[PDB]
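Only one chain is given next, in structure tokens, and it is the form deposited in one PDB entry.
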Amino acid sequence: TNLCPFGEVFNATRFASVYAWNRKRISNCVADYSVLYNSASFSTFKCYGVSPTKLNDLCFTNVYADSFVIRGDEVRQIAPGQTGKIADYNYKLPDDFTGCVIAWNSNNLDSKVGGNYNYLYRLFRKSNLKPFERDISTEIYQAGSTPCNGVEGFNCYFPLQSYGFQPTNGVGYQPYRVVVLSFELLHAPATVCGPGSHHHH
């Protein structure tokens, strides 16, 4: 009898850095997706594994909302089967992703004259993330063939780098906020249905 809390996700004040991407569990509620896809601001809304017009009717075991900030020319990496700093080291969808990706420009809240440097991404890593892996370590990365005692040593780096968001950036370097709604399907009760489901209609 209660809509799922899409407001806590999409309208939240602050958003996580892509390396520390947040997760929200959405369960035991009615998911009105039409609140989201009939809106106007979303410059990305792309789904996977779901029927073209009947999203507001589907029932899932559980849904997860994952959210974070990246830059515009990386929005194409929030998708299955990509590579790059964001897909490889920061946020990795599985090849068989079931879910939707929703992104919009947030240049008017996440850049500042003089530069906003509080959003980070993982710049280095020895190996790629597994799907939905979250890495928040800051162990000194060894870039060359000489071992690192922390930063003592050549080619020893802190592994995180700040995004530089200035409101005058070109589009590919403006801040975008992202929400990734995973659709989980287990052999279990369906606790997240749309308004048009047989459970509600």
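Numbering starts at 1 and follows the sequence shown. Between two forms, the rigid core is defined as the largest C-alpha subset superposing within 1.5 Å.
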Higher-B stretch (mean Cα B-factor, as the entry records it), 119-127 or 104-112: 104-112
185-193 versus 16-24 - which carries the larger mean C-alpha B factor in the record: 185-193
Of the residues 56, 62, 161, 138, the one carrying the largest Cα B-factor as recorded: 56
Chain-relative CA temperature factor third for residue 156: middle
Ranked against its chain, the third holding the CA B-factor of residue 173: middle
Relative C-alpha B-factor of residue 37, binned into the chain's lowest, middle or highest third: highest
Relative C-alpha B-factor of residue 149, binned into the chain's lowest, middle or highest third: highest
B-factor third for the C-alpha atom of residue 142 within its chain: middle
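Although it is not shown, the form deposited in another entry is what the next lines describe.
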Candidates 137, 168, 28, 149 - which moves between the shown form and the other one, C-alpha at least 2 Å, core fixed: 149
